[PDB]
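Contents: one structure, followed by commentary.
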Amino acid sequence: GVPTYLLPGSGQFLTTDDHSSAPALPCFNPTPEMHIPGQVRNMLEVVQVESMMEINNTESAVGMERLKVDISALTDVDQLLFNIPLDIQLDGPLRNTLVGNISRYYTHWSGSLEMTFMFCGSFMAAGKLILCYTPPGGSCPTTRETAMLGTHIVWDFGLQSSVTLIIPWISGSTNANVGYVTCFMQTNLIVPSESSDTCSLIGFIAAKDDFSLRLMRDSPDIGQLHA
Amino acid sequence: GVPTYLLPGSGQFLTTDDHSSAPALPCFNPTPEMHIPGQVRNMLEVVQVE
Amino acid sequence: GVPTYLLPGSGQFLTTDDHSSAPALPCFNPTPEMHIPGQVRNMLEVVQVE
Amino acid sequence: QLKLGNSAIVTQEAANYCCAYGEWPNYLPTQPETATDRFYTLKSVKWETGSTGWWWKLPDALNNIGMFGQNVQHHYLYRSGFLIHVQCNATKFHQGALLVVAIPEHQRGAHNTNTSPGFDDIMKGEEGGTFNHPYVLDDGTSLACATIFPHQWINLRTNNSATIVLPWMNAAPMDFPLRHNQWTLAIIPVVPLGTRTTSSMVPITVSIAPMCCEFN
Amino acid sequence: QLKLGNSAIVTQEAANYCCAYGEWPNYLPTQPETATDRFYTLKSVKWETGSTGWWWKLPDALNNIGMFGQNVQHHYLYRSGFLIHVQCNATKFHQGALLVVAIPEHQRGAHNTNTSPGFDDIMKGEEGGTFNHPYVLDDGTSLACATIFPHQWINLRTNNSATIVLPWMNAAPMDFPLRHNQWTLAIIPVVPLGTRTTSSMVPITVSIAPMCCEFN
Amino acid sequence: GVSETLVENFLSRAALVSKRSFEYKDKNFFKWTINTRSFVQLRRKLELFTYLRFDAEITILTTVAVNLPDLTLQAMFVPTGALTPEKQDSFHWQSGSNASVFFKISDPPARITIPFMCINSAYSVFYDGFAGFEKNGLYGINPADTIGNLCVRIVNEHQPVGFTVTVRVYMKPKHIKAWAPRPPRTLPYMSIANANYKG
Amino acid sequence: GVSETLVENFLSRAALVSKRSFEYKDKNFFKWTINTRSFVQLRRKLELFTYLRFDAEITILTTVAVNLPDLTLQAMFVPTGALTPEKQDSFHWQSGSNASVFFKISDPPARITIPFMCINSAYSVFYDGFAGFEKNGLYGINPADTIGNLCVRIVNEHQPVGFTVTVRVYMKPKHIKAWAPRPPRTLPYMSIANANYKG
């Protein structure tokens, strides 16, 4: 009939194959494609959506008390508030986010993240922060005068209760560290006598549209059930 | 000749298959299609009858 | 389906073969072809150098 | 002004309403179409310095009020979108944040047990339930990733209202109302309330209104 | 005259410079572009009747001098070609040959041991290292085949200068400077120096100049 | 170039969904309900989306070990529908309505494509509500969501050797259409039926 | 007519890159790191070029000897990425993210094409510098250069025979693009990690 011969790699089951397989139930009419709202076509549509960072990363902070950052009159005037190590692969404030949990399903990530901080105090409450980005390899700034020489922003709590901070191209891909975001308190926190002295910040990390993921591996998140 | 390799799912007998099978008696002329009254083409023709 | 028969020389592994092999990781985007200086296309380019 | 059917809210600063998943409620190509489209306003919930959150499952939260309480317990299938208005009156001197999120198919999970949640722990009715662990949304997920759902922020500094327009989120074209709940409106106080001499209530008003109702 | 940035060499017989691998340094399609383009002249090395050779690894040989010493120890990635000028002053009455070769990815190898070369044995800095076995290029290869790399000949009969123009030889688009060295400029005296009553030094001047610098 | 991050490209990995060894001398076979709730490596990936729709590609890999014959196997997929076997030699194995598939150990492994079997437009992965009208009905188990049962037996009669037959089932969903993404789960699972958490 | 001297024609020879026998009763399997540094017949040919880029074609040839069964084998390629197995029955063999491949001894030999896995544009064969920022970091080992690990186990449970399984791995690089040639090495090698010489 048709002369054939078996190549090497024949009769093997490859777990990443793509072959037309024989259907079990032919001529079964499926249920038709009724349009369902909010279809996902690409996993970057998840990662572009923002998500709260677990900023307050100290000990004895359990659950709801990690997302917010208490700033008050007793916040050491201008010492420091926090630091965000930009390690999606490793532990930090970014381990449990949408950019965190999806970029642990992928080995070599890339792209430009962006942060969005948000103040959550009373309307009269004013003050100034200085958010400071440190490039990879740059030293983590300890005081404000070292910090104000980085690529920073000086944020006031008036009409600006949200700051979109852009982080440039990192291409991260073993304790590895590819940057810092340290926020220093510029002025002392002014609250009126009627408002509470303690006010709070929350963050939002979101990847841009240039964020790239490749070489899908499995996640180390869940690891070890009844029924 | 023609290089081939065996996929998984080869040499299996599927009970709902649809393949051109080798006829046992080739060149046997069947009895022709004489028209018989009341042909059924779809099982809804049964179910529409009361 | 399609009638086939096995030629001699089937199911052998030839160490100088040239066949389209099944890729292990399909749809992995490789790192692109960034131009690197001094490409060699033929081993006579080595031997002409003194 | 948001006049639906017969009754309305006179809201003042109508914030940018979030069309959920980009869609908008519209009919399928019996229908009352006018009576059930009205703002069913729930109770004002006691929001304090130590509240964890509130969840209302839709449409279990409306199976006891008005025409929609009647048109569920006569019929067998419903198909209706939603418009949720959450307005939280507070002065300038208060502080705090809310995450007004509308979670579809929020299958809850009980704490420290492998027993399924019962009928008493899921279907609460109009009164709504309190979160037991709001950091994990009471199903093992994370609140930090919960902005993937349709959400808006009530930051009492910036605004004091949140309008979500929820469409028909279901695989089935029409579903039984009493034995299934699609959306779970969840109001989580991310940054809690705080003020010294007046640490008491800042009430939260939830105004659910069904849109584009169908019944068979 | 070779004027780059601010400082220059006034060279007299500019010999035919070797564009390495046929290419030429150009930018990728922050950048200072003017300050770092200058001839960093190293020390004059003591070349005698019994010298084995000198190797400078780039850009480890420049991580301590001028703007490029600063712009490395602030930044994280560099991408720059090179222009190496090796001029060896000698009279007509001297004799000898040099192989001024610029080896890319010169992974060295220690003698009579299976231990890797350390940080003290690879990164020497501006001062440069002396070959221990110049016939095998200290990595098991052969000097007789070493003209496959970008090379020029300083034959003190014919000429007394060698200019090599080195491009960006890397797979990566931008690389960390302190933890990697691409080119290894190697000056090997194939035919050694010789003269009877003046058997002393004939100095060799190495003038490395970075070209088309980029930094992030 | 982001074409690896596509949703069909993200879930179509032929993961081990079932691994059961049955003796030969559940009575001497295994019945495995086709669901994604088994292995948390695949369960966590599919519990990122709310509504999924996919044609599965069930690959059965079977190897033998004698406590070596050439054995014939049947792999009868019973839908959400007709009854399933309860013994090894019941009348249900000789059913024509069920898509059985016969193979040997020496063959390359079995492979059938179970199509989209739900009566809704997508599989409700997360379901909020009860199944039946009884108030002790199962919470979060949609009766429409059920795929079926994959009942595998050894076609041979009893042989004088006593052996253990290991079955590894691989389900690679294809033609995947996904809807309404969800936050990834942090706390571990407790049961395969529901979504409780330990804390 | 010089078309045999082409660089793709010069290196694409399916040479034996790995040959390990593992017992059955590294715990009863082998994990082989995919690198060219193993056999000096192929190591010398690839250490004529500075930067190489190639899609490998891993052919695993496996024959059995009993101190004869029909055995099933798994060949899970773990990238520079996820973890590798450390025992034979760990949870990593049932991973869907890793491109496993199942075959038998009686089949024609296994064959998979591991693509270009580096995150640079070419494999730095010779590398000058250290990997990590620690000064005792490994010299001349690029972390981007790592292909991965090819972990092969026997799918069967423990059988009453005690046998030695011989595995021969053949790597034929194809679609080869080479850059920047180098002098061929004269003195012999000493270690597979670096390029020392005895003298």
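In the structure tokens, the first chain shown is A, the next is B, and so on; residue numbers restart at 1 for each chain, and ligands run from 1 in the order shown.
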
(request) Would you mind listing what lies within 8 Å of segment 27-44 of chain E as a ChimeraX atom specification, with only C-alpha atoms counted and same-chain residues fewer than 2 positions away left out? (result) /E:3-9,25,46,62,65,67-68,126-127,203-216

Could the residues of chain A that have an atom at most 10 Å from chain C be listed as a tab-separated table, each with its closest atom pair and the distance in Å to one decimal, counting only C-alpha atoms and ordered by chain and ascending residue number?
```
residue	atom	partner	partner_atom	distance
A:1	CA	C:3	CA	5.2
A:2	CA	C:4	CA	4.6
A:3	CA	C:5	CA	5.4
A:4	CA	C:6	CA	5.2
A:5	CA	C:10	CA	4.4
A:6	CA	C:11	CA	4.5
A:7	CA	C:11	CA	5.6
A:8	CA	C:13	CA	5.8
A:9	CA	C:21	CA	7.6
A:10	CA	C:11	CA	7.9
A:14	CA	C:24	CA	7.6
A:15	CA	C:24	CA	8.5
A:16	CA	C:25	CA	6.6
A:17	CA	C:26	CA	7.9
A:18	CA	C:26	CA	8.6
A:213	CA	C:29	CA	9.7
A:214	CA	C:28	CA	6.7
A:215	CA	C:28	CA	6.1
A:216	CA	C:28	CA	8.3
```

I'm after chain F in the frame of chain G: fit it by least squares over all Cα atoms matched in order, and give me the output as a compact mmCIF listing (two decimals) with C-alpha atoms, in the first residue's frame.
```txt
# COMPACT_ATOMS: atom_id res chain seq x y z
CA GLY F 1 31.56 22.11 -3.31
CA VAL F 2 32.36 22.77 0.35
CA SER F 3 28.88 22.21 1.82
CA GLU F 4 30.01 19.51 4.27
CA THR F 5 32.19 22.00 6.17
CA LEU F 6 29.16 24.06 7.28
CA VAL F 7 28.94 24.76 10.99
CA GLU F 8 25.52 23.16 11.37
CA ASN F 9 26.92 20.23 9.40
CA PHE F 10 30.00 20.12 11.67
CA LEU F 11 28.39 19.88 15.10
CA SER F 12 25.10 18.06 14.52
CA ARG F 13 26.37 14.57 15.35
CA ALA F 14 24.30 12.57 17.85
CA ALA F 15 27.12 11.80 20.24
CA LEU F 16 26.75 9.91 23.51
CA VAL F 17 26.58 12.68 26.09
CA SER F 18 25.53 10.56 29.08
CA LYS F 19 25.83 6.89 30.00
CA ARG F 20 24.62 5.84 33.45
CA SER F 21 23.42 2.49 34.76
CA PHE F 22 21.12 2.62 37.77
CA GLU F 23 20.03 -0.37 39.82
CA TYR F 24 16.43 -1.20 40.65
CA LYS F 25 15.23 -2.84 43.86
CA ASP F 26 20.63 9.29 43.39
CA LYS F 27 18.30 6.65 44.84
CA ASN F 28 17.58 3.96 42.20
CA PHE F 29 17.46 6.42 39.29
CA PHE F 30 19.74 8.99 37.71
CA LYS F 31 19.57 12.76 37.37
CA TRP F 32 21.87 14.07 34.65
CA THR F 33 22.49 17.78 34.23
CA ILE F 34 22.24 18.66 30.54
CA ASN F 35 25.62 20.13 29.62
CA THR F 36 28.24 19.66 26.95
CA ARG F 37 31.09 19.32 29.46
CA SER F 38 30.80 15.54 29.77
CA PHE F 39 32.61 13.85 26.88
CA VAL F 40 35.76 15.47 25.51
CA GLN F 41 35.02 14.32 21.96
CA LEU F 42 32.00 16.64 21.87
CA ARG F 43 33.36 19.09 24.46
CA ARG F 44 36.35 19.92 22.28
CA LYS F 45 34.18 20.50 19.20
CA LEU F 46 31.84 22.87 21.03
CA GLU F 47 34.81 24.60 22.69
CA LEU F 48 35.94 25.87 19.35
CA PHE F 49 33.22 28.54 19.33
CA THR F 50 32.55 31.22 21.90
CA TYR F 51 28.78 31.68 21.60
CA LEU F 52 26.53 28.83 20.49
CA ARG F 53 22.77 28.64 20.01
CA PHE F 54 21.07 25.33 19.33
CA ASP F 55 17.92 23.31 19.77
CA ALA F 56 18.99 20.01 21.29
CA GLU F 57 17.48 16.68 20.23
CA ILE F 58 17.70 14.43 23.28
CA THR F 59 17.50 10.77 22.29
CA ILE F 60 17.33 8.36 25.23
CA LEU F 61 18.30 4.78 24.44
CA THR F 62 17.58 2.33 27.24
CA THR F 63 18.34 -1.37 27.43
CA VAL F 64 17.74 -3.75 30.33
CA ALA F 65 19.82 -6.48 31.96
CA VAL F 66 18.70 -8.69 34.86
CA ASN F 67 21.26 -9.71 37.48
CA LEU F 68 13.44 -9.95 30.82
CA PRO F 69 10.61 -7.62 31.85
CA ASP F 70 8.79 -5.03 29.78
CA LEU F 71 9.33 -1.80 31.70
CA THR F 72 7.74 1.64 31.41
CA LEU F 73 10.02 4.67 31.70
CA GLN F 74 9.43 8.35 32.41
CA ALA F 75 11.90 10.99 31.24
CA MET F 76 10.98 14.27 32.91
CA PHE F 77 12.97 17.25 31.66
CA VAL F 78 13.11 19.82 34.46
CA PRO F 79 14.17 23.27 33.19
CA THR F 80 16.31 25.86 34.89
CA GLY F 81 13.32 26.67 36.96
CA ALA F 82 11.22 24.28 39.05
CA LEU F 83 12.70 21.75 41.45
CA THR F 84 13.94 18.28 40.53
CA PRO F 85 13.19 14.91 42.15
CA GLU F 86 15.42 13.65 44.91
CA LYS F 87 13.82 10.22 45.38
CA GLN F 88 11.96 7.93 43.01
CA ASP F 89 8.40 8.36 44.35
CA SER F 90 8.33 12.08 45.10
CA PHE F 91 5.55 14.48 44.17
CA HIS F 92 7.67 16.00 41.39
CA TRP F 93 7.19 13.12 38.94
CA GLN F 94 3.45 13.87 38.83
CA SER F 95 3.99 17.47 37.74
CA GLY F 96 2.13 18.81 34.74
CA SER F 97 4.34 21.83 34.19
CA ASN F 98 7.40 19.72 33.31
CA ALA F 99 7.60 18.13 29.86
CA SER F 100 7.68 14.47 30.81
CA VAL F 101 7.69 11.70 28.21
CA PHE F 102 6.59 8.10 28.78
CA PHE F 103 7.90 5.16 26.79
CA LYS F 104 8.71 1.48 27.04
CA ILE F 105 11.89 -0.49 26.41
CA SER F 106 10.23 -2.40 23.56
CA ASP F 107 9.44 0.86 21.77
CA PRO F 108 11.87 2.61 19.44
CA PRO F 109 13.96 5.01 21.54
CA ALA F 110 12.67 8.20 23.14
CA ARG F 111 13.21 11.51 21.39
CA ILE F 112 12.36 15.05 22.45
CA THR F 113 13.57 18.42 21.19
CA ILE F 114 14.57 20.64 24.09
CA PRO F 115 14.48 24.15 22.60
CA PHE F 116 16.85 27.05 23.15
CA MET F 117 16.49 27.51 26.90
CA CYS F 118 18.90 30.36 27.67
CA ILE F 119 17.77 33.87 28.57
CA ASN F 120 20.58 35.39 26.53
CA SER F 121 20.87 35.27 22.77
CA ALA F 122 23.41 32.42 22.82
CA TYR F 123 25.03 29.96 25.17
CA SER F 124 28.21 31.44 26.60
CA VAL F 125 30.40 28.35 26.24
CA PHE F 126 33.43 30.16 27.57
CA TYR F 127 32.46 32.60 30.30
CA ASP F 128 34.87 34.96 32.06
CA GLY F 129 33.57 36.17 35.38
CA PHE F 130 31.74 34.87 38.41
CA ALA F 131 28.10 33.96 38.78
CA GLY F 132 26.95 35.44 42.07
CA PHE F 133 28.07 38.50 43.98
CA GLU F 134 29.85 36.32 46.54
CA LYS F 135 33.59 36.34 45.91
CA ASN F 136 33.67 32.56 46.30
CA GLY F 137 31.13 32.36 43.47
CA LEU F 138 31.64 29.84 40.71
CA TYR F 139 34.03 31.11 38.05
CA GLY F 140 33.01 30.71 34.44
CA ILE F 141 29.57 29.24 35.17
CA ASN F 142 26.88 31.44 33.68
CA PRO F 143 23.51 30.99 35.44
CA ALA F 144 21.81 31.81 32.13
CA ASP F 145 23.75 29.00 30.41
CA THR F 146 22.04 26.23 32.37
CA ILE F 147 19.78 23.96 30.30
CA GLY F 148 18.23 21.93 33.09
CA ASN F 149 18.06 18.37 34.38
CA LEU F 150 16.83 15.22 32.63
CA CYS F 151 15.39 13.00 35.36
CA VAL F 152 14.53 9.43 34.31
CA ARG F 153 12.80 6.83 36.49
CA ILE F 154 11.08 3.49 36.04
CA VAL F 155 7.30 3.90 36.23
CA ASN F 156 6.76 0.37 37.58
CA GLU F 157 6.49 -0.51 41.25
CA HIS F 158 8.97 -2.91 42.82
CA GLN F 159 9.21 -6.20 40.92
CA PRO F 160 10.69 -9.45 42.31
CA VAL F 161 13.61 -9.30 39.84
CA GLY F 162 16.70 -7.25 40.61
CA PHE F 163 18.00 -5.67 37.42
CA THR F 164 20.33 -2.95 36.18
CA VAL F 165 18.88 -0.49 33.66
CA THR F 166 21.40 1.11 31.32
CA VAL F 167 20.55 4.56 29.95
CA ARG F 168 22.37 6.13 27.00
CA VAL F 169 21.48 9.76 26.24
CA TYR F 170 22.22 11.20 22.80
CA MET F 171 22.15 14.96 22.24
CA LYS F 172 22.20 16.07 18.61
CA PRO F 173 22.09 19.89 18.51
CA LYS F 174 20.28 21.29 15.50
CA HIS F 175 19.48 24.73 14.04
CA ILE F 176 22.97 25.61 15.24
CA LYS F 177 24.11 29.21 15.04
CA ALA F 178 27.71 29.76 16.09
CA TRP F 179 29.80 32.87 16.76
CA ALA F 180 33.42 33.91 17.41
CA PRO F 181 35.71 30.91 16.83
CA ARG F 182 38.47 29.93 19.24
CA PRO F 183 41.77 28.06 19.10
CA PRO F 184 41.41 24.32 19.61
CA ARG F 185 42.64 23.08 22.96
CA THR F 186 45.91 21.14 23.02
CA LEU F 187 46.49 20.14 26.66
CA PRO F 188 44.02 17.70 28.24
CA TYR F 189 41.15 18.64 30.50
CA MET F 190 41.18 18.19 34.27
CA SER F 191 37.69 19.10 35.50
CA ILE F 192 34.33 19.49 33.81
CA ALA F 193 33.58 22.75 35.61
CA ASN F 194 36.54 24.87 34.48
CA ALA F 195 39.33 24.85 31.92
CA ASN F 196 42.49 24.01 33.84
CA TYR F 197 45.46 22.24 32.29
CA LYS F 198 48.02 19.82 33.68
CA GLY F 199 51.05 20.86 31.64
```

Mobile chain D placed on reference chain E by ordered C-alpha fit, as a compact mmCIF listing (two decimals) with C-alpha atoms, in the first residue's frame:
```
# COMPACT_ATOMS: atom_id res chain seq x y z
CA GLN D 1 45.76 62.83 16.31
CA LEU D 2 43.04 60.77 18.03
CA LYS D 3 40.88 63.23 19.97
CA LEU D 4 38.15 61.58 22.06
CA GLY D 5 36.07 63.64 24.46
CA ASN D 6 38.68 65.78 26.17
CA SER D 7 42.07 64.08 25.88
CA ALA D 8 43.97 62.53 23.03
CA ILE D 9 47.08 60.83 21.75
CA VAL D 10 49.28 62.59 19.24
CA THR D 11 50.35 59.46 17.37
CA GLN D 12 52.63 59.75 14.40
CA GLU D 13 52.29 56.73 12.11
CA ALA D 14 48.68 55.66 12.69
CA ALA D 15 48.83 52.06 11.51
CA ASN D 16 45.89 50.25 9.91
CA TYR D 17 43.46 49.75 12.78
CA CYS D 18 41.72 46.39 12.98
CA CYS D 19 37.94 46.57 13.14
CA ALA D 20 37.35 43.48 15.25
CA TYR D 21 35.22 40.76 13.60
CA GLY D 22 34.31 43.22 10.82
CA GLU D 23 32.00 45.27 13.04
CA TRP D 24 32.24 48.77 14.54
CA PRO D 25 30.89 50.14 17.85
CA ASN D 26 27.49 51.79 17.66
CA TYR D 27 24.66 52.43 20.09
CA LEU D 28 21.75 50.11 20.67
CA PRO D 29 18.69 51.16 18.60
CA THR D 30 20.89 56.60 30.26
CA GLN D 31 23.68 57.64 27.86
CA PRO D 32 26.44 60.14 28.74
CA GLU D 33 28.06 59.70 25.27
CA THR D 34 30.88 62.25 25.71
CA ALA D 35 32.56 62.05 29.12
CA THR D 36 33.53 58.38 29.13
CA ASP D 37 34.83 58.48 25.54
CA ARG D 38 38.42 59.30 26.46
CA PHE D 39 41.76 57.51 26.28
CA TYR D 40 42.43 55.96 29.67
CA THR D 41 46.17 55.31 29.41
CA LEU D 42 47.47 52.53 31.61
CA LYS D 43 50.98 52.31 33.02
CA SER D 44 54.02 51.61 30.90
CA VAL D 45 54.94 47.98 31.47
CA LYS D 46 58.51 46.76 31.91
CA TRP D 47 59.20 44.75 28.74
CA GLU D 48 62.58 43.03 28.84
CA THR D 49 64.52 40.13 27.34
CA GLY D 50 62.64 37.68 29.58
CA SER D 51 59.05 38.90 29.86
CA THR D 52 56.24 36.47 29.13
CA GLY D 53 53.33 38.82 28.51
CA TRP D 54 50.56 41.00 29.92
CA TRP D 55 46.80 40.63 30.05
CA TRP D 56 44.20 43.25 30.91
CA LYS D 57 40.58 42.13 31.22
CA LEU D 58 38.00 44.57 30.05
CA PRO D 59 36.19 46.30 31.67
CA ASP D 60 37.82 45.22 34.93
CA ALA D 61 40.92 47.15 33.87
CA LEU D 62 38.97 50.42 33.99
CA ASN D 63 36.89 50.07 37.17
CA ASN D 64 38.97 52.54 39.14
CA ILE D 65 39.71 55.47 36.80
CA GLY D 66 37.69 58.61 36.03
CA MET D 67 34.06 58.82 34.97
CA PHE D 68 34.01 55.16 33.93
CA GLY D 69 35.24 54.20 37.38
CA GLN D 70 32.33 56.22 38.75
CA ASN D 71 29.73 55.21 36.15
CA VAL D 72 30.36 51.53 36.87
CA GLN D 73 30.11 51.70 40.66
CA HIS D 74 26.83 53.65 40.50
CA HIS D 75 25.08 51.73 37.72
CA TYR D 76 24.03 48.14 37.11
CA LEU D 77 24.35 47.55 33.36
CA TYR D 78 26.83 48.79 30.80
CA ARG D 79 27.05 48.33 27.06
CA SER D 80 30.13 49.81 25.44
CA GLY D 81 32.59 48.94 22.73
CA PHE D 82 36.29 49.60 23.03
CA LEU D 83 39.23 51.09 21.17
CA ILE D 84 42.61 49.82 22.39
CA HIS D 85 45.78 51.60 21.33
CA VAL D 86 49.03 49.79 22.15
CA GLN D 87 52.06 51.89 21.21
CA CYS D 88 55.54 50.58 22.00
CA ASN D 89 58.34 53.13 21.65
CA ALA D 90 61.61 51.59 20.46
CA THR D 91 64.55 52.63 18.33
CA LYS D 92 65.49 51.05 15.02
CA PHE D 93 68.26 49.10 16.73
CA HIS D 94 65.95 47.04 18.93
CA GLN D 95 64.39 43.80 17.74
CA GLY D 96 61.37 41.79 18.75
CA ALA D 97 57.76 40.96 18.00
CA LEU D 98 54.49 41.32 19.88
CA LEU D 99 51.12 39.67 19.37
CA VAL D 100 48.58 42.27 20.48
CA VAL D 101 45.45 40.14 20.59
CA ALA D 102 42.05 40.91 22.12
CA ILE D 103 40.57 37.63 23.32
CA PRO D 104 36.81 37.50 24.02
CA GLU D 105 35.63 35.41 26.98
CA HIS D 106 39.14 34.39 28.02
CA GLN D 107 38.27 31.89 30.72
CA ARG D 108 41.63 31.31 32.37
CA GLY D 109 42.91 28.06 33.84
CA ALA D 110 45.29 27.43 36.72
CA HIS D 111 48.35 25.23 36.35
CA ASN D 112 48.61 21.68 37.78
CA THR D 113 45.43 21.95 39.86
CA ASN D 114 41.70 21.37 39.41
CA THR D 115 40.76 24.39 41.55
CA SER D 116 38.97 27.31 39.91
CA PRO D 117 40.79 30.65 39.61
CA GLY D 118 39.78 32.98 42.41
CA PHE D 119 38.72 36.61 42.51
CA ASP D 120 42.31 37.62 43.25
CA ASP D 121 43.61 35.76 40.19
CA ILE D 122 41.10 37.05 37.62
CA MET D 123 40.13 40.60 38.53
CA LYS D 124 43.45 42.43 38.81
CA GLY D 125 42.19 45.92 38.02
CA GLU D 126 44.25 48.53 36.19
CA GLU D 127 47.57 46.85 36.97
CA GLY D 128 47.08 43.79 34.77
CA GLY D 129 48.47 40.30 35.07
CA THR D 130 51.52 38.42 33.83
CA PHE D 131 51.10 35.19 31.87
CA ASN D 132 52.36 32.07 33.62
CA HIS D 133 52.51 29.95 30.44
CA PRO D 134 52.15 32.20 27.39
CA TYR D 135 52.53 29.34 24.90
CA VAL D 136 49.17 27.89 25.96
CA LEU D 137 47.42 31.22 26.81
CA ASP D 138 46.95 29.89 30.40
CA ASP D 139 43.79 27.99 29.42
CA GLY D 140 45.05 24.93 27.56
CA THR D 141 44.67 26.44 24.08
CA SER D 142 47.56 27.24 21.75
CA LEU D 143 49.24 30.56 21.06
CA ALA D 144 50.04 29.32 17.54
CA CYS D 145 46.31 29.30 16.76
CA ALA D 146 45.63 32.55 18.61
CA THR D 147 45.49 34.71 15.48
CA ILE D 148 41.87 33.59 15.01
CA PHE D 149 40.99 36.33 17.50
CA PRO D 150 41.28 40.06 16.70
CA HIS D 151 45.04 40.51 16.54
CA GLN D 152 47.71 42.82 15.22
CA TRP D 153 51.48 42.45 15.08
CA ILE D 154 53.91 44.88 16.61
CA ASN D 155 57.08 43.87 14.81
CA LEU D 156 59.61 46.47 15.99
CA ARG D 157 61.28 46.29 12.60
CA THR D 158 58.11 47.33 10.76
CA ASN D 159 55.86 49.36 13.08
CA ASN D 160 55.50 50.35 16.71
CA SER D 161 51.75 50.75 17.30
CA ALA D 162 48.64 48.58 17.25
CA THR D 163 45.08 49.90 17.29
CA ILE D 164 42.17 47.51 17.78
CA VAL D 165 38.55 48.67 17.68
CA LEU D 166 36.52 46.30 19.80
CA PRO D 167 32.72 46.07 19.54
CA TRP D 168 30.13 44.77 22.01
CA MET D 169 30.80 41.02 22.07
CA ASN D 170 28.04 39.59 24.22
CA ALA D 171 24.91 37.49 23.96
CA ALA D 172 23.11 39.71 26.46
CA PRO D 173 22.07 43.20 25.35
CA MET D 174 23.39 44.81 28.57
CA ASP D 175 25.66 43.17 31.15
CA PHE D 176 26.80 43.71 34.71
CA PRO D 177 30.33 45.18 34.55
CA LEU D 178 31.98 44.12 37.80
CA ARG D 179 30.98 40.44 37.66
CA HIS D 180 31.92 39.76 34.02
CA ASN D 181 34.78 40.59 31.65
CA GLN D 182 34.31 40.19 27.91
CA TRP D 183 37.54 41.11 26.17
CA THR D 184 40.98 40.22 27.47
CA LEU D 185 43.63 42.32 25.76
CA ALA D 186 46.74 40.15 25.69
CA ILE D 187 50.19 41.32 24.59
CA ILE D 188 52.46 38.32 24.08
CA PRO D 189 56.12 38.76 23.07
CA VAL D 190 56.39 35.98 20.47
CA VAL D 191 59.92 36.94 19.40
CA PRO D 192 61.58 38.44 22.49
CA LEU D 193 63.61 41.60 22.80
CA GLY D 194 67.31 41.48 22.12
CA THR D 195 70.25 43.88 22.15
CA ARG D 196 73.61 43.38 23.78
CA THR D 197 74.80 46.43 25.72
CA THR D 198 71.28 47.82 26.30
CA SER D 199 69.30 44.67 27.18
CA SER D 200 66.97 46.69 29.47
CA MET D 201 63.39 47.92 29.18
CA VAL D 202 61.45 48.77 26.07
CA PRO D 203 58.22 50.16 27.53
CA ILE D 204 54.75 49.39 26.19
CA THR D 205 51.89 51.88 26.53
CA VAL D 206 48.28 50.67 26.55
CA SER D 207 45.60 53.28 25.85
CA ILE D 208 42.12 51.86 26.33
CA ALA D 209 39.21 54.11 25.42
CA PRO D 210 35.56 53.09 25.85
CA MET D 211 33.27 53.92 22.96
CA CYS D 212 29.48 54.23 22.68
CA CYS D 213 28.79 53.85 26.39
CA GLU D 214 25.34 53.10 27.78
CA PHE D 215 24.29 52.76 31.41
CA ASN D 216 21.23 51.72 33.40
```
